[PDB]
Structure formats: C-alpha cells, structure tokens
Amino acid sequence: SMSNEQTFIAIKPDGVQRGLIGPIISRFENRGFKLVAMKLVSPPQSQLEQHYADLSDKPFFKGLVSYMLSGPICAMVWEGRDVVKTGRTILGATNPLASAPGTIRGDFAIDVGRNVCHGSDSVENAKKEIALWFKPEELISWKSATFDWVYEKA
C-alpha cells in the first residue's frame, strides 16, 4: 500500500445543491489526502449508466441515473495511502441510516438515494472510474509540502 494510490470521489447533485462542496473537500484535505484532479461537470446519461453499469439490473437504477442527472457533480481524484478504503470510511456507510456521526453521511445525509457523495469501492474500480470521468491530462502532478509529515514512508 503505497502513498500514490488513487480513488474517485464525487459530490452528487444533492451535495452540490445543499452547499456541501467545501466541507466535503475539507474532510479529505484535513485527513492528509492530495487532490490531483477536480471538475464540476454535468455528464451525459451514457457516462452515468456506464459508471453504474454493474447496478443496471437493480430496481433503483433508473431513478438513481435520473437523480445523478438532475444537477452538477463535483468529480474528484484524491491520492494517498489506502485512499480507497479510508475514503469509503470517511464517506460513511452507503445507507446514511447505518452511518456513524463524524463521517460525511453521518453528518449530512439521511436517504440512501440522496447520500450526497460517491467513493470507489476498490483499487481496480477506482482506476476504471478515474479513466471514465477524467482525461489523463486532467490529473495534475505535484507533491504536497507536508508529505514527509503526513507519511513515514513512500
């Protein structure tokens, strides 16, 4: 588990509408993770259905896609050690009802269909989702000035 692991984090349209962009970004920023890509986007329905392709047969799929289209999305790539698993921990349980206070959903969300944000569930799915949402040149290369104080190793 190296310090250059990457995950895809998105602020869903409800998170944008409810003014949660700053506080969500600060949650990852304060943790020590590094933002290498970010853009506000309103992606087409095809991209969103590809993003959720493994859920294309679940009954909430059509409503989830329609809701993911209903507003802007803040799409992000965060880099850091174990950023995929720890990122999921920071977001909280997929259903906010099972989320703990102190996580994103435990502080801000209630309904699973309005759970404010998305986080890649695996290293492999993160690479696929990063490629789906970003062009390679949208990922910025830089090194944080506090790298050696966040990490004891590479």
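For every residue, the number given is its place in the sequence shown, counted from 1. In this text, the rigid core denotes the largest set of C-alpha atoms whose superposition between the two forms falls within 1.5 Å.
Root mean square Cα distance to the shown form, taken over structures and residues in 7 other deposited structures of this protein after a core fit, is higher for 60 to 68 when 31 to 39 and 60 to 68 are compared.
With 117 to 125 and 50 to 58 as candidates, the stretch whose CA atoms show the greater average offset from this form in 7 other deposited structures of this protein after a core fit is 50 to 58. Judged by mean Cα B factor in the deposited record, 57 to 65 ranks above the other of 57 to 65 and 91 to 99. Across the two stretches, 140 to 148 and 15 to 23, the PDB entry reports the greater mean Cα temperature factor for 140 to 148. Of the candidates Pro44, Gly113, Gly32, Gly119, the one whose C-alpha carries the top B factor in the deposited record is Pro44.
Compared with the other modelled residues of the chain, the Cα B-factor recorded for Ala109 ranks in the middle third. In the deposited entry, the Cα temperature factor of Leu48 places it in the middle third of its chain's modelled residues. Among all modelled residues in its chain, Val36 ranks in the highest third by Cα B-factor.
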